[PDB]
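A quick write-up on the structure given underneath.
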Amino acid sequence: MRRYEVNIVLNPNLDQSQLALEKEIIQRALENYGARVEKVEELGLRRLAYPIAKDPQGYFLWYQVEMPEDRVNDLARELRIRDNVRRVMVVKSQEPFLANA
Amino acid sequence: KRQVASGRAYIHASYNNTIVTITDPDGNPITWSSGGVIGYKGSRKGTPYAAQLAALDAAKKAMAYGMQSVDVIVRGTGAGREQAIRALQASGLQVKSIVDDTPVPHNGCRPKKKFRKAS
Amino acid sequence: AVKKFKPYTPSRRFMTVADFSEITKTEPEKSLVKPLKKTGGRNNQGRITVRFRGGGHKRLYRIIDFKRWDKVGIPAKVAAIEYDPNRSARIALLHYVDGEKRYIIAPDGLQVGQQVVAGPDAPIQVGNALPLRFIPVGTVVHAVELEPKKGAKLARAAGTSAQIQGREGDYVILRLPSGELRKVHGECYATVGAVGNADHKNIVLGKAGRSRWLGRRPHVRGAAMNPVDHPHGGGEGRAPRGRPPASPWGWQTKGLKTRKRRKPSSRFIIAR
Amino acid sequence: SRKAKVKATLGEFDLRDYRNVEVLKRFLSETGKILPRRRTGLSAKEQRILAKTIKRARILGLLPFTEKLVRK
Amino acid sequence: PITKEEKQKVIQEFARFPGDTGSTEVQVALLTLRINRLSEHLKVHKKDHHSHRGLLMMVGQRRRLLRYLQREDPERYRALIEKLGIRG
RNA sequence: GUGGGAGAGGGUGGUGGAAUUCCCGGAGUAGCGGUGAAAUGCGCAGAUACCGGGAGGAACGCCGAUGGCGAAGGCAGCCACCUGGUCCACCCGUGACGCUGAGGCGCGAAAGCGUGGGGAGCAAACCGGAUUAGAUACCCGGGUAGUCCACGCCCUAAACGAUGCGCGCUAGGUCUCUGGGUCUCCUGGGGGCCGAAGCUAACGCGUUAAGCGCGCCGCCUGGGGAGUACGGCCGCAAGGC
Ligand SMILES: [Mg+2]
Ligand SMILES: [Mg+2]
Ligand SMILES: [Mg+2]
Ligand SMILES: [Mg+2]
Ligand SMILES: [Mg+2]
Ligand SMILES: [Mg+2]
Ligand SMILES: [Mg+2]
Ligand SMILES: [Mg+2]
Ligand SMILES: [Mg+2]
Ligand SMILES: [Mg+2]
Ligand SMILES: [Mg+2]
Ligand SMILES: [Mg+2]
Ligand SMILES: [Mg+2]
Ligand SMILES: [Mg+2]
Ligand SMILES: [Mg+2]
Ligand SMILES: [Mg+2]
Ligand SMILES: [Mg+2]
Ligand SMILES: [Mg+2]
Ligand SMILES: [Mg+2]
Ligand SMILES: [Mg+2]
Ligand SMILES: [Mg+2]
Ligand SMILES: [Mg+2]
Ligand SMILES: [Mg+2]
Ligand SMILES: [Mg+2]
Ligand SMILES: [Mg+2]
Ligand SMILES: [Mg+2]
Ligand SMILES: [Mg+2]
Ligand SMILES: [Mg+2]
Ligand SMILES: [Mg+2]
Ligand SMILES: [Mg+2]
Ligand SMILES: [Mg+2]
Ligand SMILES: [Mg+2]
Ligand SMILES: [Mg+2]
Ligand SMILES: [Mg+2]
Ligand SMILES: [Mg+2]
Ligand SMILES: [Mg+2]
């Protein structure tokens, strides 16, 4: 088991009950691959440096999990089956690195 | 079809010629000119002077459709570059800022042998 | 794949046999079998309408399921992967939880013991049939219907597949195994995956007789006939074509495009 | 040429953290390129970590790949 | 990758006495451990030639060890072999 | 062993943006391209320039370095999985378990080869336009293998630091990468410049030796003939030893 941070970007135009729609499937999957959530930050709408998918904005989620390392790749494969999931970025959790310190 | 006050002005500036297309705000060309439309053929099209006439003539056709202002986007290194910008500023056409939109591959297609050179 | 042979005869040096290790069915087939009337290339008049056919092994026809939209929602275990003599591909046996058995044409990667299902539901997974409209753009798929409810038509040959390139209204754009680009209706079923047994195309027949087993009788060049018989028939030795190359019925056989111009299907085609 | 050192300007910060634009936004040029070590004032080891982070950041859409050049 | 306990396991098991950290017998086993792992990694990734280079060094280190041991105590050599499943 | 590091080190799977090309839609007109200057070419069948959509392949801008890793060939977007080497600190374990290495085995840029695939940009061959006495070239317009992937071959190279590997010994100065410390300083493993002694035909090298020594391997013995012939071994061939 290992600590990853799962960044996921969603269609902005989704209404809130649809956002929760896409967000459940996310969560069964997480629970299905064995991802045990720890933190979470749902930062919602955000403004993009470039369009993802013809869209100046995208709806952000970030999870932090402990899941068996070998199932992470399929996790993200499955997470990404979209259509409304426009990004998945799954990173290994790291001990922060500080400047001016 | 339509006549517009505000607009946009494009400079394609290459070594062999300089060409200026002026658009509507939405980007569709109103009218255009180049080193050749001025009446040059050949290498003299690449020159800085002909680029001047080019841009003046571009604007003169646009101002006849009632162009007033433009946003002037330039692309590419060439001796036609600045004299084209210069020519637009004091021509007619209050020019609102300026940009360099010149295309720069993030290391794309292998270039022609002519531009490969040092590796 | 692809069994080779030491040259202990000529033609054993070049012969190449399919790999059967994917196959779990030994000989017998499930009595979804039915008998095949071999034509000899002859039509209902006794007349050969397709030349150089006939001979070749007796075959039982395995009846196979080209509409998956009966069993919508009912899943099935993949029971066996079997050999079917009527197609390049392999059939997979399905035991439905219904208790019903069907043959599916067996996709690449599909394992014995998998669960399969078909319907607007269903995961996007190898074996699963869905209306095309619900298959995510980009997934490669086989066994497509051309019009809805009419049965799978496209990408059924071993190793073939198709790709979903886009949506437009009630249609999706597919790239067919031909490379043609075709609008198909969204409602049409398709089943995700490539067909597989894709090593099929590398078999080397190897000797004359092996073509004879597949019911292909010897094929004779127009060049070798007389002119009664063929546009190339004639003239002393050998001899070149002497004219633009022709079929026996006399139409041109290099380049002449034969698809009917005004076909209604042309509104829905975009390519080669 | 004088300007600033651009590391100087802000306090302790995590150069590992790829989600905060307003820190990282300051390390990009007027056209959006990762700023050379000289005017970031970072270390050797530190500039790599910064960079790699910035790369990630752009993939997530938070940081640009390129802006244009204005008012020449 | 072989985890701390996973090797500790192997350390404890092959240790010639309480707290043996790397005597000859522990080393061979410890090697044999990561050898066998790599050897399976290559089975899959056959194109990874750089890692195969290491395997060679591993295999070789373990061999020199085992030869020393077979010269000094030929008995606890033959017994280390069959425990680990090696020369036959 | 234990605890810690840095890294374009290798394999597999994913994934992002810029650009090029082609297509579709739009707007829009008389040229564009290209060069020393042109011409071929492209363009009123609507080109170039401009914007919107789409398809597809390749390579990863800034960071980036006089940088890092690898035995070498080599290795550069980002993500994960598997995985090699390596260094530091602690001073815990084994007790010389070492060096080197004919054969053997494995790896080995590019090009090349086989079977599939893939093909945007590039581009041997080839065509055309210029140039020239000629131009089977140099410049320009086209352009097929190839470049890309998988599997399997080929085994070469200015494969270079033209500098075999291990060890001990012989001033310093300065820059830099990366560990550890009583973090100005000291200490360890790399990467560069200048240099003591010494070496060297000189040029130069010089704690990263080409110095002073020991071990063991490879190689040299005038130039051409020739890395050719013959033979042998290997390769599908080219061809290699
Ligand atoms: Mg010109
Ligand atoms: Mg009859
Ligand atoms: Mg018979
Ligand atoms: Mg024949
Ligand atoms: Mg005859
Ligand atoms: Mg007759
Ligand atoms: Mg006739
Ligand atoms: Mg004839
Ligand atoms: Mg006769
Ligand atoms: Mg004759
Ligand atoms: Mg004849
Ligand atoms: Mg066709
Ligand atoms: Mg690494
Ligand atoms: Mg690593
Ligand atoms: Mg058009
Ligand atoms: Mg490692
Ligand atoms: Mg001790
Ligand atoms: Mg002792
Ligand atoms: Mg090679
Ligand atoms: Mg190659
Ligand atoms: Mg050839
Ligand atoms: Mg090839
Ligand atoms: Mg080919
Ligand atoms: Mg092509
Ligand atoms: Mg010529
Ligand atoms: Mg001539
Ligand atoms: Mg050329
Ligand atoms: Mg070309
Ligand atoms: Mg050799
Ligand atoms: Mg040599
Ligand atoms: Mg040093
Ligand atoms: Mg001296
Ligand atoms: Mg002689
Ligand atoms: Mg030779
Ligand atoms: Mg010979
Ligand atoms: Mg040699």
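Tabulated data
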item	result
Calculated [θ] (222 nm, deg cm²/dmol) that DSSP helices of n ≥ 4 give over chain E, each run adding -39,500 (n - 2.57)	-25500 deg cm²/dmol
Cα extents of the protein assembly as shown along the three principal axes, largest first (Å)	97, 90, 60
Given charges at beta-carbon only (K, R positive; D, E negative), |dipole| of chain C in Debye	1620 debye
Cα→Cβ-extended label distance, 7 Å offset, between E:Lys4 and A:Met1, nm	1.6 nm
Cleavage-rule hits (trypsin sites (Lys or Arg not before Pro)) in segment C:205-265: DSSP loop, at most 11 neighbouring Cβ within 10 angstrom	C:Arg221, C:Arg238, C:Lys254, C:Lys257, C:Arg259, C:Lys260, C:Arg261, C:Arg262
Anchor E:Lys7: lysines whose Cα lies under 17 Å away (excluding residues fewer than 8 positions away in-chain)	E:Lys83
Amide hydrogen neighbours beyond the local backbone of B:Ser14, cut-off 5 Å, H modeled	B:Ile19
Estimated vicinal HN-Hα couplings, Hz - segment D:21-28 in sequence order (Karplus 6.51, -1.76, 1.60; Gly, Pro = x)	4, 4, 6, 4, 4, 7, 8, 10
Of C:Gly237, E:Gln12, C:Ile74, farthest towards positive along the dipole that unit charges on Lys, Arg, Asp, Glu beta carbons give the protein assembly as shown	C:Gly237
Residue among C:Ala223, C:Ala76, C:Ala143 with the largest mean-square fluctuation in a Gaussian network model of chain C, springs linking Cα atoms under 10 Å	C:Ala223
Debye equation applied to the C-alpha atoms of chain A, log10 I(q)/I(0) at 0.12, 0.16 Å⁻¹	-0.41, -0.70
Derived scalar couplings ³J(HN,Hα) [segment B:23-38; Karplus, 6.51 cos²θ - 1.76 cosθ + 1.60; whole Hz; x for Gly, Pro]	10, 8, x, 7, x, 6, x, 7, 4, 8, 7, 8, x, x, 6, 3
Cα centre as origin, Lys/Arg/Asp/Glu Cβ charges: the protein assembly as shown dipole, Debye	3860 debye
Backbone HN-Hα couplings from phi across segment C:234-245 [Karplus 6.51/-1.76/1.60, Hz, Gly and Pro as x]	x, x, 6, x, 6, 6, x, 6, x, 3, x, x
DSSP-assigned coil residues among trypsin sites (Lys or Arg not before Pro) in segment C:117-159, each with at most 15 further Cβ atoms within 10 Å	C:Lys149, C:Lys150
Whichever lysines have a C-alpha closer than 27 Å to that of D:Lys68, once near sequence neighbours (fewer than 8 apart) are set aside	A:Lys54, B:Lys96, B:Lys112, D:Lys3, D:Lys5, D:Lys7, D:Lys25, D:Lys33, D:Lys52, D:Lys55
Proximal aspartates and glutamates relative to B:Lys45, as straight alpha-carbon distance under 20 Å, when same-chain residues fewer than 8 apart are discounted	B:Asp57, B:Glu82
All-pairs alpha carbon distance profile, chain B, 10 Å steps from 0, percent	15, 43, 28, 11, 3, 0
Residue of D:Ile59, D:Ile34, D:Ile49 that the Gaussian network model of chain D assigns the largest fluctuation, springs spanning Cα pairs under 10 Å	D:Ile59
Potential lengthening between E:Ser39 and E:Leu65 on full extension [0.36 nm per residue; Cα-Cα distance subtracted]	7.4 nm
Most mobile of D:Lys45, D:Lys55, D:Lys33 in a GNM of chain D (Cα contacts under 10 Å)	D:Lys45
Cα long-axis angle, helix B:48-62 against chain B (0 to 90 degrees, to the nearest 10)	40 degrees
Principal semi-axes in Å for segment E:1-87 [√(5λ), Cα gyration tensor, largest first]	24, 16, 10
DSSP H segments from chain E that extend 24 Å or more along their own axis, Cα-based, with Kyte-Doolittle mean of -1.0 or above	E:24-44, E:49-72
Calculated over chain C: convex hull of Cα atoms, volume per residue (Å³)	178 Å³
Cleavage-rule hits, trypsin sites (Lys or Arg not before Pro), chain A, DSSP coil, Cβ neighbours within 10 Å at most 12	A:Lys54
Computed over segment C:128-189, Kirkwood Rh from alpha-carbon pairs, angstrom	11.2 Å
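Bear in mind these aren't lab numbers, they're just calculated from the coordinates by the rules spelled out. Cβ: placed from backbone, ideal geometry, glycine included. Neighbour counts: every protein chain shown.
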